[PDB]
Amino acid sequence: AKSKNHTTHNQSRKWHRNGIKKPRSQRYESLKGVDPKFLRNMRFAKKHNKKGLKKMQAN
Amino acid sequence: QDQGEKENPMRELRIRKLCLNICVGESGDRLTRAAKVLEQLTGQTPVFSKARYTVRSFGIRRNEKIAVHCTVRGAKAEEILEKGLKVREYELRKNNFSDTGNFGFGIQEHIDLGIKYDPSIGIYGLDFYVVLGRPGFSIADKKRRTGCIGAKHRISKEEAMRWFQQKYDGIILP
Amino acid sequence: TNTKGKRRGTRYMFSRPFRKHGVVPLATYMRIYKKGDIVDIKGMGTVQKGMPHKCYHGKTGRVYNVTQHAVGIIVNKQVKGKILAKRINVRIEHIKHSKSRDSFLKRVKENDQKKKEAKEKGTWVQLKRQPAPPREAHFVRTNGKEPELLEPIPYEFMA
Amino acid sequence: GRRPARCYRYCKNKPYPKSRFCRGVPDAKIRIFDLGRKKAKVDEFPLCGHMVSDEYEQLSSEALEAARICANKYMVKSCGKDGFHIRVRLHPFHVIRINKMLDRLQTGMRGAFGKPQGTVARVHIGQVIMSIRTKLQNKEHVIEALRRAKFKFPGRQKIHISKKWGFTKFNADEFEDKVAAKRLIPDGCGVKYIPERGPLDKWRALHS
Amino acid sequence: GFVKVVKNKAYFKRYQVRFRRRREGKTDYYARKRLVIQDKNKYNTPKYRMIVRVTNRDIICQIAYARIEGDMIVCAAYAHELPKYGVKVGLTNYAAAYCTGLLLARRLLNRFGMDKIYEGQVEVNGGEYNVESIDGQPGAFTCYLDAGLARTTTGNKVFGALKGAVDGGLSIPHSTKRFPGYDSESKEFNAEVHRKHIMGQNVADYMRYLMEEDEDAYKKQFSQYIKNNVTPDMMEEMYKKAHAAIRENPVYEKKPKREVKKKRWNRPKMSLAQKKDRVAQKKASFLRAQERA
RNA sequence: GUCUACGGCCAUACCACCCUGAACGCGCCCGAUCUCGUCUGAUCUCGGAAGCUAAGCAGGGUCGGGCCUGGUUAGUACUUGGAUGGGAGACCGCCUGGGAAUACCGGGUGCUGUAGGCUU
RNA sequence: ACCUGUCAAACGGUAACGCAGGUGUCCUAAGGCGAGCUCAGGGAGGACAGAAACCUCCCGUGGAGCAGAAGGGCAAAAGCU
RNA sequence: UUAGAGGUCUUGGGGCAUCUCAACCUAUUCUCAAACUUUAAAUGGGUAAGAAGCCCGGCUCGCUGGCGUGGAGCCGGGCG
């Protein structure tokens with residue numbers, strides 16, 4: 001009839017068998033969630049980087 | 001003395017305001033008579049006061065207009081207080097003076113003060129209270145850089161009597 | 001079981017310190033947080049908007065987004081045997097700069113300048129930190145004064 | 001009507017005082033804690049004796065009442081009714097519970113949280129239970145009175161004659177010198193301690 | 001001993017003092033937070049405000065932005081330098097408030113190099129004016145009014161300095177309301193009444209009213225006006241001339257610092273030796289006096 | 001040596017009472033035509049400049065209360081780890097590391113940023 | 001199916017027909033903004049007035065209020081008008 | 001939540017000009033809290049300890065803006 005309710009016994013042993021792996025780090029991360037108005041400008045900044053290529057090459 | 005003469009300008013007693021109050025437990029046309037009484041006496045339109053709580057034994061309800069009151073300042077307050085002290089024939093008790101330098105009394109007949117009885121008006125009396133002060137007492141009421149008036153600049157229960165006896169030639173009895 | 005309420009058990013962690021209630025000091029709003037810097041999360045109960053969840057109180061992460069009043073933070077959270085990088089939006093009042101990063105950036109500066117000084121002076125200087133070494137040999141002078149003789153005291157039953 | 005004291009002895013629960021969460025608590029058996037000549041001054045009862053607990057247990061209010069009565073009865077007979085002052089230094093604040101005394105009711109361990117039954121006092125090792133102050137010549141009677149009150153308590157107690165003056169916190173060897181030097185001003189059963197850390201007007205009043 | 005003492009030891013133990021400038025009654029921190037705090041995505045961008053403080057004898061106009069260790073004043077103009085421009089009397093009235101704001105605006109634009117680009121509005125009218133930025137040129141300086149604890153009502157002298165600054169060339173957001181020419185019952189703004197206040201005509205009308213009614217009262221209310229020979233007829237020209245003087249030369253010449261002998265006008269703190277000695281001789285005197293008697 | 005406007009940290013700054021305050025300022029102060037608001041020009045708003053440092057404000061003082069900081073309490077209380085330690089138990093001792101808090105006793109009683117004055 | 005304090009062993013999580021309680025609503029304002037005020041309580045005074053009517057001064061770190069239970073938060077506030 | 005002590009306005013009482021109690025206040029004192037706290041551990045939890053770094057030069061932006069502003073992005077170079 002009655003049984004056990006809850007336990008965290010043996011749970012920490014299960015976790016460490018394959019390790020508590022920290023999340024992977026990448027040099028470039030997602031732009032997901034950052035300010036949409038800020039995204040719109042950064043795309044415009046990247047779009048027009050082609051202009052001034054002559055000045056960049058001379059310098 | 002030299003100190004008294006130099007202290008005369010700023011360390012001088014004067015009447016800050018005169019507070020006249022008529023409390024009647026009713027409302028409606030009953031207290032409208034009292035408002036006209038203060039209107040004729042002071043020349044100012046009084047303001048009504050409502051009951052804070054409901055008390056059944058006094059027959060008053062919360063937020064029901066009960067009393068009328070008015071504040072008079074200036075030479076007008078000086079002359080109205082003179083009339084009230086005349087009725088009391090310049091006689092006060094020691095217990096009439098508070099520890100903060102103020103005092104007050106009561107007049108039972110408004111008619112005998114300044115005016116004539118009218119059939120439509122009532123028989124109400126009224127309450128006088130005098131708020132004494134010195135020049136720099138407004139710093140506690142100002143908004144910007146407010147402060148307390150200091151310890152020696154306050155008025156005590158003794159110098160309040162002295163001003164009453166020196167100005168109005170009054171008598172204090174125990 | 002207990003409730004799943006958001007502020008259950010935050011009676012003390014979101015309370016203001018003793019005799020430190022009232023107006024929030026204004027320099028907390030004047031701190032400037034750029035993208036990439038490390039911040040400590042510490043919820044303040046005086047401001048109920050943008051409040052971090054209790055599981056992020058005492059946690060440290062880095063700023064990935066800056067808004068008008070808040071900051072997005074990438075914070076590590078342990079969940080039943082896996083650590084995941086959560087993204088949370090916290091108003092400025094509940095965060096402050098982390099001094100551990102500032103100390104390391106200073107050490108990088110003194111290291112680079114010590115390299116430049118060493119190269120210009122033709123010398124070699126130690127740049128790696130080292131653990132506390134064993135104490136070196138030394139002499140201890142008695143100054144003609146004998147060491148004081150200590151002895152255990154007798155037992156006394158007090159009140 | 002009451003369970004044997006061995007059922008409630010070992011301080012196995014957290015403190016459970018009378019409060020808005022615990023209502024219906026019967027009144028403790030002990031309501032008087034100071035007995036004898038309470039109005040005596042410091043200078044007339046210099047000797048103090050303590051019954052010190054030697055266990056970590058809880059003592060019932062009935063036990064405290066019984067011990068106080070029997071200690072008082074002996075010291076009245078031996079030292080007179082106005083030759084001592086007894087103070088019980090334990091107040092029953094912990095509430096002990098009892099489960100129901102056993103158709104229309106749910107029996108068993110279901111819903112087994114108890115109702116208040118009585119009050120006990122949690123005592124630590126080395127903590128004073130009772131104190132008696134008297135004249136220096138009644139030392140043997142103080143020891144005897146506290147010895148007889150031991151038998152009313154479950155655990156082990158030790159009888160100790162204090163190094164302080166009466167019920168005060170000051171040593172008996174320095175007490176008279178401090179009073180003469182005005183560092184200790186008697187007031188009631190106890191004394192007041194005067195430092196040099198106030199307005200000089202108080203110092204003027206003391207030395208005037 | 002009759003009543004329980006409220007300000008007891010425990011009262012002071014858990015008392016929390018207010019901010020220093022709250023308990024001096026100078027700063028309302030509710031408004032300061034909403035006024036000096038910059039948006040976090042506007043990193044390091046200064047947020048400028050115009051402080052207008054009217055004292056009993058002077059008007060202070062400052063332009064400031066907030067920093068962690070304190071505000072920087074980028075420019076300040078006081079009303080007591082108006083005698084250098086012509087205004088000798090009435091240095092705390094609405095007309096002087098307009099001049100102090102105008103001086104603050106011209107002084108700041110001169111420092112930034114924008115004096116010639118942004119000329120504001122030289123021909124003074126009470127009507128609404130706002131500076132619009134010129135393309136290809138540096139933009140207009142934007143500031144926000146800080147009224148402090150002043151009660152913002154129609155005709156408040158803080159809006160007199162605001163009008164002088166916006167007429168000088170500063171971009172300060174505002175409404176034509178709260179200027180003296182605004183009418184509450186009609187919800188309309190009359191620029192002529194505002195222009196009269198800027199030239200002090202409401203003061204000249206009072207002077208003329210007093211000369212006709214009571215000469216003695218006129219001298220009492222205007223003594224320094226008579227000592228400085230400021231007639232009611234020449235008030236408009238005096239303020240007009242002052243406006244031109246401010247616009248022609250707004251630069252401030254600092255008063256030269258003078259080396260002086262350092263003389264203490266205050267008592268220095270007593271040392272531990274003095275404090276302990278004083279108790280020693282006060283105790284000895286009490287013992288000696290009680291022994292003599 | 002100081003003040004004013006705006007502040008930062010928010011008592012070493014607060015609270016009670018006493019003494020002193022040159023010069024600028026800050027005020028108290030005088031008044032209600034205009035702007036504005038009131039039962040009341042008390043407050044708020046406006047126009048001033050006869051008087052006064054009495055008050056606010058500043059500096060100092062008090063075997064001052066509070067606050068800050070340090071000793072003491074005390075290697076005490078508590079505690080990580082250990083034992084086929086002790087004890088009928090309650091609990092206690094030791095090894096290995098960490099380590100507090102009242103009462104009690106001393107010292108201190110704002111520092112400072114930007115701009116503008118006085119101390120000529 | 002939900003919420004508050006505690007249990008719970010100072011991150012988070014943690015059970016029992018464990019303990020103490022609340023919910024199936026209420027609000028055109030009790031939503032939003034601005035301005036202006038300061039609350040509970042107490043002391044001393046004032047015609048009828050008294051332990052409690054209303055008027056005045058003083059003290060008041062919040063000891064009041066913020067609709068629902070509890071905890072947190074809040075004073076030229078988030079409280080009152 | 002225990003006990004004495006020192007003062008007194010007492011819409012207090014009792015024995016009788018009153019005087020003691022009670023009440024209140026003040027300075028002390030005994031004993032306490034899982035749903036109390038100014039203070040406050042030990043053992044805990046998070047982050048960091050570089051080349052994805054540091055330092056120079058330039059370009060882009062419709063975002064921000066007194067400004068040669070700020071922020072972000074991009075292109076070169078140097079430093080193990």
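Every chain is numbered from 1, with letters handed out A, B, ... down the list of sequences. Computed from heavy atoms alone, side chains included, the values below leave out hydrogens, waters and symmetry copies.
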Using a 90° cut-off around 0 for syn, call [N] syn or anti.
{"N": "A52(G)", "answer": "syn"}
{"N": "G14(H)", "answer": "anti"}
{"N": "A47(G)", "answer": "anti"}
{"N": "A77(G)", "answer": "syn"}
{"N": "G97(F)", "answer": "anti"}

Checking all strands, does [X] fall into the base, sugar-phosphate, or nothing category for heavy-atom contacts under 4.0 angstrom?
{"X": "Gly58(C)", "value": "base"}
{"X": "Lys169(D)", "value": "sugar-phosphate"}
{"X": "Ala51(B)", "value": "sugar-phosphate"}
{"X": "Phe93(D)", "value": "base"}
{"X": "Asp28(E)", "value": "base"}

Is [M] stacked on its strand neighbour [N] by the under 5.5 Å, under 30° ring test?
{"N": "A13(F)", "M": "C14(F)", "answer": "no"}
{"N": "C11(G)", "M": "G12(G)", "answer": "yes"}
{"N": "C37(G)", "M": "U38(G)", "answer": "yes"}

Going by centres under 5.5 angstrom and planes under 30 degrees, do the aromatic ring of [X] and the base ring of [N] stack?
{"X": "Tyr206(E)", "N": "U33(F)", "result": "yes"}
{"X": "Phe19(E)", "N": "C10(F)", "result": "yes"}
{"X": "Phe21(D)", "N": "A20(G)", "result": "no"}
{"X": "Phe112(E)", "N": "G66(H)", "result": "yes"}

Please pick, from [options], the nucleotide with the shortest atom-to-atom distance to any side-chain atom of [X].
{"X": "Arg8(C)", "options": "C30(H), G13(G), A15(G)", "answer": "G13(G)"}
{"X": "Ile60(E)", "options": "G62(G), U4(F), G1(F)", "answer": "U4(F)"}
{"X": "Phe2(E)", "options": "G62(H), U8(H), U120(F)", "answer": "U8(H)"}
{"X": "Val260(E)", "options": "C30(H), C26(F), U120(F)", "answer": "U120(F)"}
{"X": "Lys7(E)", "options": "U61(G), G4(H), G60(G)", "answer": "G60(G)"}
{"X": "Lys283(E)", "options": "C17(F), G46(G), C63(F)", "answer": "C63(F)"}
{"X": "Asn56(E)", "options": "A55(F), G45(G), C29(F)", "answer": "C29(F)"}
{"X": "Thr46(C)", "options": "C6(F), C74(G), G108(F)", "answer": "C74(G)"}
{"X": "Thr71(B)", "options": "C104(F), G47(F), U40(F)", "answer": "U40(F)"}
{"X": "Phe222(E)", "options": "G48(F), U56(G), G51(F)", "answer": "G48(F)"}

For [X] and [N], is the shortest distance between a side-chain N/O and OP1 or OP2 below 4.0 Å?
{"X": "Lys269(E)", "N": "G59(F)", "answer": "no"}
{"X": "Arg20(D)", "N": "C36(H)", "answer": "yes"}
{"X": "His197(E)", "N": "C34(F)", "answer": "no"}
{"X": "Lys255(E)", "N": "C118(F)", "answer": "yes"}
{"X": "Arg21(E)", "N": "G7(F)", "answer": "yes"}
{"X": "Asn95(B)", "N": "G46(G)", "answer": "yes"}
{"X": "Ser49(B)", "N": "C39(F)", "answer": "no"}
{"X": "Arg16(B)", "N": "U43(F)", "answer": "no"}
{"X": "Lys157(E)", "N": "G47(F)", "answer": "yes"}
{"X": "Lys282(E)", "N": "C63(F)", "answer": "yes"}
{"X": "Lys55(A)", "N": "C75(H)", "answer": "no"}

Inset, instruction - Using a 5.0 Å cut-off (strictly under), name the groove whose base atoms touch the side chain of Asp71(E). - result: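 Side chain of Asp71(E) sits in the minor groove.
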Inset, instruction - Examine the side chains of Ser131(D) and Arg89(D) and answer whether a donor and an acceptor come within less than 3.5 Å of each other. - result: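 A pair is found: one side chain offers a donor N or O, the other an acceptor, under 3.5 Å apart.
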Legend entry - Geometric cation-pi criterion, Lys157(B) with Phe103(B): 6.0 Å, 45°: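 Here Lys157(B) fails the 6.0 Å and 45° test against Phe103(B).
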Legend entry - Given RNA chain F, 5'-ward residue of the pair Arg53(E) and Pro195(D), judged by closest heavy atom: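 Comparing both residues, the 5'-ward one is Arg53(E).
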Base-pairing result for [N] and [M], Watson-Crick or G-U at under 3.5 Å:
{"N": "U62(F)", "M": "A16(F)", "value": "yes"}
{"N": "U109(F)", "M": "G66(F)", "value": "yes"}
{"N": "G14(H)", "M": "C30(H)", "value": "no"}

Legend entry - Step-by-step ring pair (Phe, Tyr, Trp, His ring centres under 6.0 Å) determination, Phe137(B) to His153(B): CA-CA 9 Å; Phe137(B) 271 38; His153(B) 207 60; 5.6 Å; yes
Legend entry - P gap between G21(G) and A33(H), integer Å: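 Their P atoms lie roughly 23 Å apart.
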Legend entry - Span that lies between the P atom of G56(F) and that of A32(F), in whole angstrom: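 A32(F) and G56(F) have their P atoms separated by 29 Å.
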Legend entry - Centroid-centroid distance, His85(D) to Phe167(D), less than 6.0 Å: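 Distance test on ring centres: under 6.0 Å, yes.
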Inset, instruction - Assign the ring pair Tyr11(E) / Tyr15(E) to parallel, tilted or perpendicular, where the plane angle (0 to 90°) is split at 30° and 60°. - result: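 Tilted, since the angle between the ring planes falls between 30° and 60°.
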Using a 3.5 Å distance criterion without hydrogens, assess whether the side chain of [X] forms a donor-acceptor pair with backbone atoms of [Y].
{"X": "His94(D)", "Y": "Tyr16(D)", "answer": "yes"}
{"X": "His57(C)", "Y": "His53(C)", "answer": "no"}
{"X": "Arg134(B)", "Y": "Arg154(B)", "answer": "yes"}
{"X": "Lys54(C)", "Y": "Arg8(C)", "answer": "yes"}

